[PDB]
Amino acid sequence: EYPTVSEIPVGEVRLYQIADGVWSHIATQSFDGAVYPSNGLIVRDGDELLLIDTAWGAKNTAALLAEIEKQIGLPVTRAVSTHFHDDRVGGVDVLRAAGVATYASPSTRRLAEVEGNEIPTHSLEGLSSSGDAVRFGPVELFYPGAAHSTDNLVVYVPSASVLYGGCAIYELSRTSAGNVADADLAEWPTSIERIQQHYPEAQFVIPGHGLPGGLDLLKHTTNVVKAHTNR
Ligand SMILES: C=CCCn1c(C)cnc1C(=O)O
Ligand SMILES: [Zn+2]
Ligand SMILES: [Zn+2]
Numbered sequence: 005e006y007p008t009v010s011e012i013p014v015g016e017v018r019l020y021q022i023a024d025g026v027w028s029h030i031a032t033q034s035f036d037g038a039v040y041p042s043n044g045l046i047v048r049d050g051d052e053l054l055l056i057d058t059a060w061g062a063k064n065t066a067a068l069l070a071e072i073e074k075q076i077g078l079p080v081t082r083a084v085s086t087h088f089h090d091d092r093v094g095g096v097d098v099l100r101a102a103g104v105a106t107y108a109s110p111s112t113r114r115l116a117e118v119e120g121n122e123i124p125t126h127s128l129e130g131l132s133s134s135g136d137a138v139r140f141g142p143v144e145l146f147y148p149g150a151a152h153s154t155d156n157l158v159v160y161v162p163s164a165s166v167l168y169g170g171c172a173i174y175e176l177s178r179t180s181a182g183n184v185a186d187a188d189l190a191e192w193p194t195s196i197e198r199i200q201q202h203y204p205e206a207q208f209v210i211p212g213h214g215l216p217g218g219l220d221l222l223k224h225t226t227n228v229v230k231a232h233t234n235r
């Protein structure tokens, strides 16, 4: 089955195939006094691999490349980051050391600078507006307006109808929006509908923290963020 947070010690990384040549990676990190899981994506780009989001910090991101060479054996050559929180750019510096071309949105790149996290080298052009999308390697990058954070992207793999939600989609088991400091609640619901519009065929949805699902996840996220307001 899928990995849960308890099964993964801090600083180990597991890979979970989703469709052909599309894995996800799970690892665990501690934020204040707990240890949460986080998810990322791995996609085959011809003879190289494209990494959607770091593990969650340097040590983990290190083990990720370790796992990948063991399990996949193709090299990770580029890497795109969903937003600026440590669970997405923690380990950039390691990747860049490991020879991996690190990419990210401009907005995201600035927000990382300001908040003092690692900063991906290259800027992603033409994702600046709501609904924009640019085709990066074997995936489409899509910007759907503010949600979990004003910059958050999502990643669709057209070949496999996989949609990478990033921290902007929750899981079912998750019910409490909870920590929403840098999150624009007022726009998020629309922003998810922007997704359900553009990627409506999507037959594999993946959140930033937890077990995958289908297009149901979107709707479950809207409610959960809705009832953050009326309660
Ligand atoms: C399960 C995550 C709780 C809040 N959080 C952390 C610590 C990192 N990312 C998030 C999130 O909500 O996306
Ligand atoms: Zn985040
Ligand atoms: Zn997160």
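Counting from 5, one number per residue, gives the positions in the sequence shown under my numbering. A virtual CB, placed ideally from N, CA and C, is assigned to each residue, including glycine.
In its chain, beyond the 5 residues on either side, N43, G169, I173, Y174, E175 and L221 have a beta carbon closer than 7 Å to the beta carbon of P211. It is roughly 35 Å from the alpha-carbon of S28 to the alpha-carbon of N234.
In this structure, the CA atom of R178 is about 12 Å from the CA atom of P41. In terms of Cβ geometry, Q33 and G61 form a close pair [threshold 9 Å]. Annotated as proximal: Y160 and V143, with beta-carbon spacing under 9 Å.
Runs of the beta strand (DSSP E) spanning 3 or more residues and lying entirely within the stretch 27–73 occur at 38–49 and 52–56, in chain order. Residues whose Cβ lies closer than 5 Å to any heavy atom of ligand 2, listed in chain order: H89 and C171. The Cβ atoms of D57 and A164 lie no closer than 9 Å to each other. If the five residues before and after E52 are omitted, its C-beta is found closer than 8 Å to the C-beta atoms of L78, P79, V80, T81 and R82, all from its own chain and listed in chain order. For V159, the enclosing beta strand (DSSP E) starts and ends at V158 to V161. In summary, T8 is exposed, with fewer than 16 beta-carbon neighbours lying within 10 Å of its beta-carbon over all protein chains present.
In the three-state reduction of the DSSP assignment, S109 falls in the coil class.
C-alpha of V84 to C-alpha of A59: approximately 12 Å in a straight line.
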